[PDB]
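As structure tokens, one chain now follows by itself in the form deposited in one PDB entry.
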């Protein structure tokens, strides 16, 4: 029974809301991460959920990783962080039950919803950014360092208008709480993080800058044509990404403030939200056309 502490309150497996296995039905696979497979499920107007599964063939450490993931997500309480409905850890395979996000991951969304021969506008992108910044502000307020803010780790409620973006994966924070080189999110990390292994909330500010780039580029990989080591040396020597195609100046300037070399010179998330809000109200920003991808 490992204990988990967040916002000064401690929790253990006993605090998790166990849902009887017979109340849970799987409908379809939704895809996989590195972390087993994810299904759409229903809990008994049944409740629609996402079901994250633990492989039955796994190590004792995978078991503990999965428990810790459950405790981490269960203690958050915020509209831009996916809810945990409960868990079913007393039958096999073990389940974590999460808010179903019918729009899928943000990176995939951006790539698949690129304007082609009116799907997205600048304001859609700014709303996604606001939503994630709101989730990041909540983490910062509660002294939680995420360590992997990236489009692949964000989810959307629905594909269409009204979509809300939320932070959906806490795997890196989980690994560090419980503590390879080639798996580190180098391209989202600030100098002091990959050099000294020093993480603070100004670490997540930097990563959020990179997420902003991903959003306004409509889902491109950061630092096009650069490998991890090339990015590490580029960033460490003061190198910064160029603006995404058609990116308004005021939105680019949020990215460049997020990427200040010294953590002290980076904005906190209250300031980032203020700047996103200003961009959102500015006609010259929101009237900028996104590029149309030829097809």
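Numbering follows the first chain given and starts at 1. Under this definition, the rigid core comprises the largest set of C-alpha atoms superposing within 1.5 Å between the forms.
What comes next is about the form deposited in another entry, which does not appear here.
Visitor: After fitting the rigid core, is the C-alpha of residue 281 off by 2 Å or more between this form and the one not shown?
Guide: No, its C-alpha moves less than 2 Å.
Visitor: Inspect the rigid-core superposition and answer whether the C-alpha of residue 13 shifts by 2 angstroms or more between this form and the one not shown.
Guide: Shift of 2 Å or more: yes.
Visitor: Residue 273 and residue 9: do their C-alpha atoms lie closer or farther in the other entry than in the form you see, with a change of 3 Å or more?
Guide: So the answer is farther.
Visitor: Your call: residue 8 and residue 87 CA atoms, closer or farther in the other entry versus the shown structure, by 3 Å or more?
Guide: Compared with the shown chain, residue 8-residue 87 is closer in the other entry.
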